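Next up, run-v3.tsv (TSV, C-alpha atoms):
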```
chain	number	residue	atom	x	y	z
A	1	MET	CA	10.53	13.71	2.76
A	2	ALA	CA	11.72	10.03	2.74
A	3	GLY	CA	11.66	10.13	6.58
A	4	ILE	CA	10.59	6.53	7.37
A	5	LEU	CA	8.38	5.34	9.10
A	6	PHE	CA	6.27	2.14	8.50
A	7	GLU	CA	6.57	-1.32	6.84
A	8	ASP	CA	4.44	-4.55	7.29
A	9	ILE	CA	3.83	-8.00	5.63
A	10	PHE	CA	0.40	-9.38	4.52
A	11	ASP	CA	-1.40	-12.56	3.45
A	12	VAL	CA	-4.20	-12.38	0.82
A	13	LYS	CA	-7.49	-13.69	2.30
A	14	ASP	CA	-9.74	-13.42	-0.82
A	15	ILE	CA	-9.73	-12.24	-4.50
A	16	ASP	CA	-12.79	-10.64	-6.17
A	17	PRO	CA	-12.48	-10.16	-10.03
A	18	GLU	CA	-15.86	-8.26	-10.40
A	19	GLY	CA	-15.13	-5.61	-13.06
A	20	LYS	CA	-12.60	-6.65	-15.73
A	21	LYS	CA	-11.92	-3.20	-17.29
A	22	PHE	CA	-8.50	-4.90	-17.56
A	23	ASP	CA	-8.16	-8.64	-16.81
A	24	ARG	CA	-5.03	-7.91	-14.71
A	25	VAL	CA	-6.94	-5.68	-12.17
A	26	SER	CA	-9.13	-7.11	-9.34
A	27	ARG	CA	-10.40	-6.35	-5.83
A	28	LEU	CA	-8.41	-8.11	-3.06
A	29	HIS	CA	-8.86	-8.60	0.69
A	30	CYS	CA	-5.77	-8.92	2.94
A	31	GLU	CA	-4.69	-9.00	6.62
A	32	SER	CA	-1.30	-7.80	7.91
A	33	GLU	CA	1.14	-10.20	9.63
A	34	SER	CA	3.42	-8.28	12.04
A	35	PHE	CA	0.47	-6.17	13.35
A	36	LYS	CA	-3.39	-6.34	13.05
A	37	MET	CA	-4.57	-4.33	10.00
A	38	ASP	CA	-7.60	-5.35	7.90
A	39	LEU	CA	-7.31	-4.30	4.24
A	40	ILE	CA	-9.15	-4.22	0.88
A	41	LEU	CA	-7.49	-3.15	-2.42
A	42	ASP	CA	-8.47	-2.73	-6.07
A	43	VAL	CA	-5.11	-3.21	-7.72
A	44	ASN	CA	-3.02	-4.74	-10.54
A	45	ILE	CA	-2.77	-8.49	-9.71
A	46	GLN	CA	-0.15	-9.57	-12.35
A	47	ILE	CA	2.38	-9.00	-9.50
A	48	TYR	CA	0.93	-12.24	-7.99
A	49	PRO	CA	1.82	-15.50	-9.86
A	50	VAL	CA	-1.77	-16.51	-10.87
A	51	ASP	CA	-5.28	-16.81	-9.20
A	52	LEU	CA	-4.19	-17.57	-5.67
A	53	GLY	CA	-2.64	-14.45	-4.06
A	54	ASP	CA	0.73	-14.43	-2.17
A	55	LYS	CA	2.45	-12.59	0.75
A	56	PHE	CA	3.41	-8.92	0.15
A	57	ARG	CA	5.30	-6.26	2.15
A	58	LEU	CA	3.57	-2.86	1.93
A	59	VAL	CA	5.72	0.12	2.88
A	60	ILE	CA	4.89	3.78	3.58
A	61	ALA	CA	8.55	4.57	4.02
A	62	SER	CA	8.20	7.89	2.22
A	63	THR	CA	9.37	7.89	-1.36
A	64	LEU	CA	10.45	11.24	-1.91
A	65	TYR	CA	10.40	12.37	-4.95
A	66	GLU	CA	8.63	15.50	-6.29
A	67	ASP	CA	11.82	17.54	-5.94
A	68	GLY	CA	15.53	16.81	-6.16
A	69	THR	CA	16.99	14.17	-3.81
A	70	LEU	CA	17.21	12.07	-7.05
A	71	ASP	CA	16.02	14.36	-9.93
A	72	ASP	CA	19.28	16.16	-8.95
A	73	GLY	CA	20.82	13.78	-11.56
A	74	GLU	CA	20.77	10.20	-10.11
A	75	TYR	CA	17.74	7.71	-10.05
A	76	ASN	CA	19.15	6.38	-13.35
A	77	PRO	CA	21.20	3.58	-11.61
A	78	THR	CA	20.77	0.33	-9.65
A	79	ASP	CA	17.47	1.72	-8.27
A	80	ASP	CA	16.54	0.13	-11.67
A	81	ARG	CA	18.86	-1.45	-14.40
A	82	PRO	CA	19.63	-4.97	-12.85
A	83	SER	CA	17.53	-3.86	-9.86
A	84	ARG	CA	13.93	-2.75	-10.51
A	85	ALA	CA	10.80	-1.81	-8.95
A	86	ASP	CA	11.59	-5.19	-7.15
A	87	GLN	CA	13.59	-3.65	-4.31
A	88	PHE	CA	10.15	-1.88	-4.31
A	89	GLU	CA	7.87	-3.95	-6.70
A	90	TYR	CA	5.48	-0.96	-6.97
A	91	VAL	CA	5.46	2.71	-5.85
A	92	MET	CA	2.84	5.44	-6.49
A	93	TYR	CA	1.15	8.70	-5.27
A	94	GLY	CA	-2.49	9.15	-4.18
A	95	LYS	CA	-5.03	10.92	-1.94
A	96	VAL	CA	-6.21	9.73	1.50
A	97	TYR	CA	-9.86	10.57	2.38
A	98	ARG	CA	-10.67	10.24	6.12
A	99	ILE	CA	-12.62	11.35	9.19
A	100	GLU	CA	-11.19	11.34	12.80
A	101	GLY	CA	-11.38	7.47	12.64
A	102	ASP	CA	-14.48	7.17	14.85
A	103	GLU	CA	-17.90	6.46	13.35
A	104	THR	CA	-19.27	4.38	16.32
A	105	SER	CA	-20.36	7.49	18.38
A	106	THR	CA	-18.60	6.52	21.64
A	107	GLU	CA	-16.21	3.52	21.22
A	108	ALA	CA	-14.02	6.10	19.35
A	109	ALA	CA	-13.41	3.34	16.73
A	110	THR	CA	-10.44	1.42	18.21
A	111	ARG	CA	-9.22	0.96	14.61
A	112	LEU	CA	-8.71	4.21	12.68
A	113	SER	CA	-9.94	3.55	9.11
A	114	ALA	CA	-8.39	4.93	5.88
A	115	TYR	CA	-9.62	5.11	2.26
A	116	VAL	CA	-7.00	5.79	-0.45
A	117	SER	CA	-7.13	6.38	-4.22
A	118	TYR	CA	-3.67	6.02	-5.84
A	119	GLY	CA	-2.84	6.17	-9.59
A	120	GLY	CA	-6.41	4.92	-10.37
A	121	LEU	CA	-6.09	1.97	-7.91
A	122	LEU	CA	-7.93	1.97	-4.51
A	123	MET	CA	-7.55	0.80	-0.87
A	124	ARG	CA	-9.94	0.57	2.13
A	125	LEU	CA	-8.12	-0.09	5.44
A	126	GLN	CA	-8.48	-0.31	9.25
A	127	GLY	CA	-5.89	-0.50	12.10
A	128	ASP	CA	-5.08	1.11	15.52
A	129	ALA	CA	-4.64	4.93	15.20
A	130	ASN	CA	-0.87	4.98	15.94
A	131	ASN	CA	-0.37	1.67	14.07
A	132	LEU	CA	-2.05	2.83	10.80
A	133	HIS	CA	0.58	5.66	10.90
A	134	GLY	CA	-1.67	7.88	8.73
A	135	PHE	CA	-3.64	10.41	10.81
A	136	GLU	CA	-2.93	12.91	7.99
A	137	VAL	CA	-4.51	13.20	4.51
A	138	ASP	CA	-0.87	13.51	3.24
A	139	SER	CA	1.20	10.71	4.94
A	140	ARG	CA	0.11	7.38	3.36
A	141	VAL	CA	-0.38	8.96	-0.08
A	142	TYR	CA	3.37	8.14	-0.10
A	143	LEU	CA	3.01	4.41	-0.91
A	144	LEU	CA	5.44	1.62	-1.85
A	145	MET	CA	5.23	-2.23	-2.11
A	146	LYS	CA	7.47	-5.31	-2.51
A	147	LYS	CA	7.40	-9.11	-2.10
A	148	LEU	CA	8.00	-10.44	1.41
A	149	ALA	CA	11.70	-10.68	2.41
A	150	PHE	CA	12.27	-13.81	4.49
```
Could you render the structure as structure tokens?
Amino acid sequence: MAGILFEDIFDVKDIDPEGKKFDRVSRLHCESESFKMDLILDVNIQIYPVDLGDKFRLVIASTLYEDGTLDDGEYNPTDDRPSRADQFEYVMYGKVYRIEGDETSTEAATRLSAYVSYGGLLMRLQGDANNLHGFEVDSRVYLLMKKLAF
């Protein structure tokens, strides 16, 4: 599907270039703006201007597109051409790996965690169970990004 249902802004908190397999890929640490998520990535950083980080908008508005809402014959246009992956700076598939969220024993971890591998990139995430919007192993594998829009 492309059936919504989540979008949020971030601010980079730290950058961690440990393992330069490619100079343009680094670990990052981020915090979301509209809500309360705590995030780690290992991701292409050439999207950012230089060293410093910047504010993103991650989206798990589902993408679609294994099938034929676009492979029908469109997806050639103004989704690209003068537009780009810029209306959606990046977009990819992956695998979520996760328990019930809890690993405390009894506090029933008030933030559901998530771990994601996506196109060879990685994330490590925490947020409230409803708020993370990814109870399933198969929801936030649908993954999309852009700059902030302000």
Selection near residue 75 in chain A, 12 Å with all atoms listed in the file, sequence-local residues under 5 positions removed, as a VMD selection string: chain A and resid 64 to 65 68 to 70 80 to 81 83 to 85
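You can rank A:129, A:50, A:108, A:2 by their closest distance to residue 15 in chain A using all atoms listed in the file, and at the top of that list sits A:50.
With only C-alpha atoms as the atoms that count, the residue of A:147, A:140, A:36, A:20 with the shortest distance to residue 61 in chain A is A:140.
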Take the point (5.1, -1.0, -0.1) as written in the file and pick out every residue within 9 Å of it, counting all atoms listed in the file; give the list as number ranges by chain. A: 7-8, 56-61, 88-91, 143-147
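Using only C-alpha atoms, the smallest distance between any of A:41, A:86, A:16, A:136 and residue 117 in chain A comes from A:41.
Note that the spacing between CA of residue 43 in chain A and CA of residue 112 in chain A amounts to 22.0 Å.
Restricting the calculation to all atoms listed in the file, the smallest distance between residue 66 in chain A and any of A:10, A:115, A:150, A:93 is found for A:93.
Closest approach to residue 6 in chain A among A:35, A:76, A:149, A:54: A:35, based on only C-alpha atoms.
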Select from range 71-150 of chain A every residue with an atom at most 12 Å from any atom of range 23-32 of chain A, then for each give the shortest pair of atoms and their distance in Å to one decimal, using only C-alpha atoms, rows by chain and rising number, as a Markdown table.
```
| residue | atom | partner | partner_atom | distance |
| --- | --- | --- | --- | --- |
| A:120 | CA | A:25 | CA | 10.8 |
| A:121 | CA | A:25 | CA | 8.8 |
| A:122 | CA | A:27 | CA | 8.8 |
| A:123 | CA | A:27 | CA | 9.2 |
| A:124 | CA | A:29 | CA | 9.3 |
| A:125 | CA | A:30 | CA | 9.5 |
| A:126 | CA | A:31 | CA | 9.8 |
| A:127 | CA | A:32 | CA | 9.6 |
| A:131 | CA | A:32 | CA | 11.3 |
| A:132 | CA | A:32 | CA | 11.0 |
| A:148 | CA | A:32 | CA | 11.6 |
```
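With CA of residue 18 in chain A on one side and CA of residue 42 in chain A on the other, the separation reads 10.2 Å.
Counting all atoms listed in the file and comparing A:137, A:40, A:1, A:47, the residue that lies closest to residue 13 in chain A is A:40.
Across the model, the gap from CA of residue 62 in chain A to CA of residue 74 in chain A is 17.8 Å.
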For residue 99 in chain A: contacts at 9 Å, all atoms listed in the file, fewer than 4 positions along chain excluded, given as a PyMOL selection string: chain A and resi 103+112-114
Could you add whatever atoms are missing so that range 111-126 of chain A carries N, CA, C and O atoms, then write the result as a short mmCIF file (atom, residue, chain, number, x, y, z; two decimals), in the coordinates of the input?
```cif
data_model
loop_
_atom_site.label_atom_id
_atom_site.label_comp_id
_atom_site.auth_asym_id
_atom_site.auth_seq_id
_atom_site.Cartn_x
_atom_site.Cartn_y
_atom_site.Cartn_z
N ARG A 111 -9.99 0.93 15.84
CA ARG A 111 -9.22 0.96 14.61
C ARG A 111 -9.62 2.23 13.85
O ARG A 111 -10.77 2.35 13.41
N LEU A 112 -8.67 3.15 13.68
CA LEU A 112 -8.71 4.21 12.68
C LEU A 112 -8.88 3.53 11.32
O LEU A 112 -8.17 2.57 11.01
N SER A 113 -9.82 4.00 10.50
CA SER A 113 -9.94 3.55 9.11
C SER A 113 -9.04 4.41 8.21
O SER A 113 -8.53 5.44 8.66
N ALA A 114 -8.88 4.05 6.94
CA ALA A 114 -8.39 4.93 5.88
C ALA A 114 -8.98 4.46 4.56
O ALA A 114 -9.19 3.26 4.36
N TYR A 115 -9.25 5.39 3.64
CA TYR A 115 -9.62 5.11 2.26
C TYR A 115 -8.57 5.85 1.43
O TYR A 115 -8.19 6.97 1.79
N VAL A 116 -8.09 5.24 0.35
CA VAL A 116 -7.00 5.79 -0.45
C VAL A 116 -7.35 5.54 -1.91
O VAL A 116 -7.77 4.43 -2.26
N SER A 117 -7.12 6.53 -2.77
CA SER A 117 -7.13 6.38 -4.22
C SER A 117 -5.71 6.71 -4.67
O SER A 117 -5.15 7.70 -4.19
N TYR A 118 -5.08 5.89 -5.52
CA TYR A 118 -3.67 6.02 -5.84
C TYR A 118 -3.42 5.54 -7.27
O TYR A 118 -3.56 4.36 -7.57
N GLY A 119 -3.11 6.47 -8.18
CA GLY A 119 -2.84 6.17 -9.59
C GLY A 119 -3.99 5.46 -10.31
O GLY A 119 -3.75 4.76 -11.30
N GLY A 120 -5.23 5.59 -9.82
CA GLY A 120 -6.41 4.92 -10.37
C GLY A 120 -6.76 3.62 -9.63
O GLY A 120 -7.87 3.10 -9.80
N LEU A 121 -5.84 3.09 -8.82
CA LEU A 121 -6.09 1.97 -7.91
C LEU A 121 -6.72 2.51 -6.61
O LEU A 121 -6.80 3.72 -6.42
N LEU A 122 -7.17 1.62 -5.72
CA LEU A 122 -7.93 1.97 -4.51
C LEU A 122 -7.47 1.10 -3.33
O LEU A 122 -7.06 -0.04 -3.54
N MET A 123 -7.62 1.60 -2.10
CA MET A 123 -7.55 0.80 -0.87
C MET A 123 -8.64 1.25 0.11
O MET A 123 -9.11 2.39 0.06
N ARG A 124 -8.99 0.36 1.04
CA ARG A 124 -9.94 0.57 2.13
C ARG A 124 -9.34 -0.22 3.30
O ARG A 124 -9.06 -1.41 3.13
N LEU A 125 -9.07 0.41 4.44
CA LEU A 125 -8.12 -0.09 5.44
C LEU A 125 -8.65 0.23 6.83
O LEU A 125 -9.31 1.25 7.01
N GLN A 126 -8.30 -0.59 7.83
CA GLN A 126 -8.48 -0.31 9.25
C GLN A 126 -7.27 -0.82 10.04
O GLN A 126 -6.72 -1.87 9.71
#
```
